[PDB]
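Visitor: Could you have a look at this structure, given as structure tokens, before my questions?
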Amino acid sequence: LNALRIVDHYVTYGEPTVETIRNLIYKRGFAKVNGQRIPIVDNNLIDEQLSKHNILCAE
Amino acid sequence: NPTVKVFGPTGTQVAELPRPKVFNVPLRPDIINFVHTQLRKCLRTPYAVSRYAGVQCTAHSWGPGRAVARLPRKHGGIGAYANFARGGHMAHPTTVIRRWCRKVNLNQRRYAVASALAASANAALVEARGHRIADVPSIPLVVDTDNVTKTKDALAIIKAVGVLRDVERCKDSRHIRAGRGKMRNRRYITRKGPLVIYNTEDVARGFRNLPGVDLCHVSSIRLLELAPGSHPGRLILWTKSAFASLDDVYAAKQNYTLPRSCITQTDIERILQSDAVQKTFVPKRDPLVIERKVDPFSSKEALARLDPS
Amino acid sequence: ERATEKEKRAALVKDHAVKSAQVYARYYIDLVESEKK
Amino acid sequence: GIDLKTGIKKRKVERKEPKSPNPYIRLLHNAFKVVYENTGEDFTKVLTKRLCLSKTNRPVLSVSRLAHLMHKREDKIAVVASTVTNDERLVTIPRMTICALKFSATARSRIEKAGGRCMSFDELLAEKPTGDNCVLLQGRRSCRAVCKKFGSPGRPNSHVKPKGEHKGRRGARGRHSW
Amino acid sequence: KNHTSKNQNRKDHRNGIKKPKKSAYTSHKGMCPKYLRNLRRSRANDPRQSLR
Amino acid sequence: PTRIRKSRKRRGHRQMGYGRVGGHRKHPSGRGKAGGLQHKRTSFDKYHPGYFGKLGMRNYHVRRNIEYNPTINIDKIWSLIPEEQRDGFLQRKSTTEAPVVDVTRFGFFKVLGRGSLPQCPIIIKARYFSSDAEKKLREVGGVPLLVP
RNA sequence: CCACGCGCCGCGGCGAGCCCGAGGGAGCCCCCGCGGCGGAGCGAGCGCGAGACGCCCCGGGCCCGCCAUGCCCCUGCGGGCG
């Protein structure tokens, strides 16, 4: 939050609602697998990279 | 160890000779092309322009105030003594002090002629070089040709060992070349045909006027003859004496050991299919599925993959 | 065998999802209710 | 416009293929790469890059250095990516199995007389492609005369010899003579 | 312009701000000779000793 | 080859790699290594220590053959011994008929002791020997002898 | 542009070696063919003169010369050992 205030002129910020998070994760969400932008179209890709963290599915 | 066949003038197998070690030498196109390029430059004749060319006339700059360019001008006012001036010296005149000849180490020159000889014994390289060898019965071709002094005798021997189509490819190929080469005493171009190598036999008179046929002695095998155009693969008609003495010429190099044979692409492929490498090979993890993005909310089937419920 | 593992894993993620989607939905609804109470 | 000039620091040049016109060196590099792709053994990852190296990067390894290096491990097959050379200084060479890109004739005779086997990279691929019972050895890269003169001579902490004859007092006879 | 320091800090931070390298921190340059002789004497005994 | 040279890739570029602000000009910094103590002083200091000045005694004529001092290390003395003879000499050890090497015949006037010598006693003949040469040879059982 | 000299890089041959020098050989691209350069350095010179490690790289340690210094002793402003 101290770093964000230095860059305030360049950015806009706010607390996101769960529906806003869902729409970003579903409609615009793309993974970073092997430094590639891989579209998140299934719960399998999330399981593959985040099963260690217990983030098996999109929910 | 393989033994090559020796054919008679009639074209029938007469006797067998063991294969010389030179043919086993690794085929190095890169070395044969490097040695070919430097040796052909050595044969070059020096050219240059005259030192006095374009500096014989008397020209000094007119200078400023005359409304003319400052280049040196003759008494008439005609531009002179400049690259851009008609009747003027070259900016950098061609000079005879150029190093026309390049240098090759004896080992590298010997390596190139050994590799060119090995390419001659490879049937594929000879056909690829454009020689017609389908009729020829064995590569390398060794013939017990006695002293042939008549072209007609030589033609008969070459018809009976299958080299006739190559001799006719070169006879029917004689044409006036293109360019100013004609005016420069290089008017006609013919194809290159078989190379006769001979030892202790007078075969030169018989094959000398045959078209495209070139002759060489076993003591002085020439690379430019062995690899025409830097391309190795010469159809070589060896006499029985010449082939027999090839292993004696290689001994005559006081301290030269023929390069040691190496694997081929086919050998590398066979090893890559051998059981030992296959046993070492481990199967890879299955790849990732990229799948182009679709709106999840667009259809219930799309939504189900991200949200099953 | 890899295809069999992939089919088995896919079901486990789908099952986790059919349960989590409902568990998490209660958490979001409860959060609104808890602040209100 | 995207800002790709921040935490990103350019690209590096690593030779991924051998510049060697020799057909043999290309044949082995492609083979060792095929083994590396199918089995990612790190011995093969290095060998693939040791065949792509330059002559200067690939220094000579004598049969004297190889004897010292394999002193505790006679059974292991030395794998050298350059030329193995004889050392007339070492009167007796021990039996050793060495695989190289080339062995000098004097070296090859000595290893065979010792009872050791001079292997070749093709032979190594056929017997031990992954590199079992094999040590990847290297000669001293900074042994070249060119490497000794690299640097700025005449700088106080340089400690490097000047390239020419020079033969004068100023700058040479100590820090004060500058 | 007699003098400008503009752009100088952009050039310095383009591929610079580089650390002084290791073996500079543990260099014996400027260390007391008597300490350095003691170090060599101590090192030349048993496991640390590197002579035959 | 002219065809593979970079100059033939600068056609159409005008200055030809020499710069618009300052183009190629005839001898801009002067001819040869001039300005060594003045404007090129920085280069001579940074890369040429000892270029300027006089260092030591001057011999009006050096006798090259008189100052020719070829040298041999104790490690290479046994290589002069041919391989067929070398193995037999080494195996038999021997002091009654030890191998005898005259390094002067092989072209070396002084023996030095860079490496190590095999245990076989060997008689070495030279015009001069180092201190280590004598010590290592004597320890092996060999004799350092002078040669006329 | 070419010649020549220097620096660096890549590649080919060979390897503690390497080398179409001039030349010679009935001999043209073939064969034979010295210096030189490298393999030892350092010191004004007199002169003296390297092993201890070490995949590599670097750093340390040690050894050689130059420069001191302390002992010991031979064949002695000489040798050795620090």
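Here the Cβ is made from the backbone with ideal geometry for all residues, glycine too, and neighbour counts use every protein chain on show. No lab work stands behind these numbers, since they all come straight from the coordinates.
Visitor: Exactly one condition in (1) within 8 Å of RNA strand G (Cβ to nearest atom); (2) not in a loop (DSSP other than H, G, I, E, B) is false for F:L55; which is it?
Guide: Exception for F:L55: condition (2).
Visitor: Only one of these is among the acidic types (D, E), free of Cβ contacts under 8 Å to residues at least 60 places away in the same chain and over 30 Å from D:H166 (Cβ atoms): F:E67, F:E83. Name it.
Guide: Within the list F:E67, F:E83, the selection yields F:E83.
Visitor: Same structure, new question: Within the bounds of segment D:28-51, is there any residue that is in a loop (DSSP other than H, G, I, E, B), surrounded by fewer than 17 Cβ atoms within 10 Å (Cβ to Cβ) and near RNA strand G (Cβ under 9 Å from one of its atoms)?
Guide: no
Visitor: Residues of segment B:46-58 being surrounded by fewer than 17 Cβ atoms within 10 Å (Cβ to Cβ) and in contact (Cβ under 8 Å) with a residue 24 or more places away in the chain, which ones?
Guide: B:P46, B:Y47, B:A48, B:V49, B:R51, B:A53, B:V55, B:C57
Visitor: Got at least one residue in segment B:300-307 being at the interface with chain A (Cβ under 7 Å from one of its Cβ atoms), of a type in the set (A, V, I, L, M), under 30 Å from C:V18 (Cβ atoms) and within 59 Å of the chain's Cα centre (by Cα)?
Guide: Within segment B:300-307, not a single residue is at the interface with chain A (Cβ under 7 Å from one of its Cβ atoms), of a type in the set (A, V, I, L, M), under 30 Å from C:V18 (Cβ atoms) and within 59 Å of the chain's Cα centre (by Cα).
Residue by residue, here is whether (1) at positive phi; (2) over 21 Å from the mean Cα position of the chain (by Cα) holds:
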| position | (1), (2) |
| --- | --- |
| B:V161 | no, yes |
| B:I189 | no, no |
| B:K192 | no, no |
| B:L195 | no, no |
| B:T200 | yes, yes |
| B:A227 | no, no |
| B:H231 | no, no |
| B:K253 | no, yes |
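Visitor: Among the residues of segment F:91-111, which ones are within 14 Å of RNA strand G (Cβ to nearest atom) and crowded, with 19+ Cβ neighbours inside 10 Å?
Guide: Of everything in segment F:91-111, those that are within 14 Å of RNA strand G (Cβ to nearest atom) and crowded, with 19+ Cβ neighbours inside 10 Å turn out to be F:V103, F:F108, F:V111.
Visitor: Among the residues in segment B:23-34, are any more than 14 Å from chain D (Cβ to nearest Cβ), more than 8 Å from RNA strand G (Cβ to nearest atom) and under 20 Å from the mean Cα position of the chain (by Cα)?
Guide: The answer is yes; a qualifying residue exists.
Visitor: Within segment B:264-284, which residues are over 13 Å from D:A31 (Cβ atoms) and assigned to a helix (DSSP H, G or I)?
Guide: Across segment B:264-284, the qualifying residues are B:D275, B:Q278, B:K279.
Visitor: Go through the residues of segment F:32-55 one by one and say whether even a single one is surrounded by fewer than 10 Cβ atoms within 10 Å (Cβ to Cβ) and more than 30 Å from D:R175 (Cβ to Cβ).
Guide: no
Visitor: Run down D:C147, D:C134, D:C143 and say which single residue is surrounded by 14 or more Cβ atoms within 10 Å (Cβ to Cβ) and either under 30 Å from D:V79 (Cα atoms) or within 8 Å of RNA strand G (Cβ to nearest atom) (or both).
Guide: Step by step, each of D:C147, D:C134, D:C143 is checked, and only D:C134 is surrounded by 14 or more Cβ atoms within 10 Å (Cβ to Cβ) and either under 30 Å from D:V79 (Cα atoms) or within 8 Å of RNA strand G (Cβ to nearest atom) (or both).
Visitor: Filter segment E:27-42 for residues that are within 21 Å of the chain's Cα centre (by Cα) and charged (D, E, K, R); which is nearest to RNA strand G (Cβ to nearest atom)?
Guide: E:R40
Visitor: Tell me which of these B:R102 doesn't satisfy, since it passes every other one: (1) surrounded by fewer than 16 Cβ atoms within 10 Å (Cβ to Cβ); (2) within 17 Å of B:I32 (Cβ to Cβ); (3) more than 16 Å from RNA strand G (Cβ to nearest atom).
Guide: Status for B:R102: all satisfied but (3).
Visitor: Quick check, is D:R108 part of a helix (DSSP H, G or I) and either more than 10 Å from RNA strand G (Cβ to nearest atom) or closer than 27 Å to D:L53 by Cα (or both)?
Guide: Answer is yes for this residue.
Visitor: Out of B:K253, B:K240, I need the residue that is basic (K, R), under 21 Å from B:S138 (Cβ atoms) and away from chain A (no Cβ under 14 Å). Which one?
Guide: B:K240
Visitor: Then there is this: Of D:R108, D:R73, which residue is among the basic types (K, R) and surrounded by 13 or more Cβ atoms within 10 Å (Cβ to Cβ)?
Guide: D:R108
Visitor: Working only within segment F:58-73, note down all residues that are within 12 Å of another protein chain (Cβ to nearest Cβ), near RNA strand G (Cβ under 8 Å from one of its atoms) and not polar (S, T, N, Q).
Guide: The one that is within 12 Å of another protein chain (Cβ to nearest Cβ), near RNA strand G (Cβ under 8 Å from one of its atoms) and not polar (S, T, N, Q): F:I72.
Visitor: Going through F:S43, F:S79 one at a time, which residue ends up being away from RNA strand G (no atom under 12 Å from the Cβ), within 14 Å of chain D (Cβ to nearest Cβ), of a type in the set (G, A, S) and not in a loop (DSSP other than H, G, I, E, B)?
Guide: Only one candidate qualifies: F:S43.
Visitor: A follow-up question, please. Return the only residue of B:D267, B:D275 being in contact with a helix residue (DSSP H, G or I) (Cβ under 9 Å, 6 or more places away or on another chain), more than 10 Å from chain A (Cβ to nearest Cβ) and under 30 Å from B:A124 (Cα atoms).
Guide: Within the list B:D267, B:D275, the selection yields B:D267.
Visitor: Where residues in segment D:169-178 are away from RNA strand G (no atom under 11 Å from the Cβ) and of a type outside the set (A, V, I, L, M, F, W, C), which of them is farthest from the other protein chains (Cβ to nearest Cβ)?
Guide: So the residue we want is D:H176.
Visitor: Right, next: Can you spot a residue in segment F:56-71 that is crowded, with 16+ Cβ neighbours inside 10 Å and within 21 Å of the chain's Cα centre (by Cα)?
Guide: Scanning segment F:56-71 turns up no residue that is crowded, with 16+ Cβ neighbours inside 10 Å and within 21 Å of the chain's Cα centre (by Cα).
Visitor: Among the listed residues B:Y47, B:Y111, identify the single one that is within 12 Å of RNA strand G (Cβ to nearest atom), within 14 Å of chain D (Cβ to nearest Cβ) and aromatic (F, W, Y).
Guide: B:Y111
Visitor: Now for a separate question. Select from segment D:63-105 the residues that are in a loop (DSSP other than H, G, I, E, B) and aliphatic (A, V, I, L, M) and list them in ascending order.
Guide: Correct list: D:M70, D:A81, D:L90, D:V91, D:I93, D:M96, D:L101.
Visitor: When only residues in segment F:89-128 that are assigned to a loop (DSSP other than H, G, I, E, B), without any contact (Cβ under 8 Å) to a residue 40 or more places away in the chain and among the polar types (S, T, N, Q) count, which is nearest to the other protein chains (Cβ to nearest Cβ)?
Guide: That would be F:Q119.
Visitor: E:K6: among the charged types (D, E, K, R), away from RNA strand G (no atom under 11 Å from the Cβ), over 30 Å from D:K9 (Cβ atoms) and surrounded by fewer than 10 Cβ atoms within 10 Å (Cβ to Cβ), yes or no?
Guide: no
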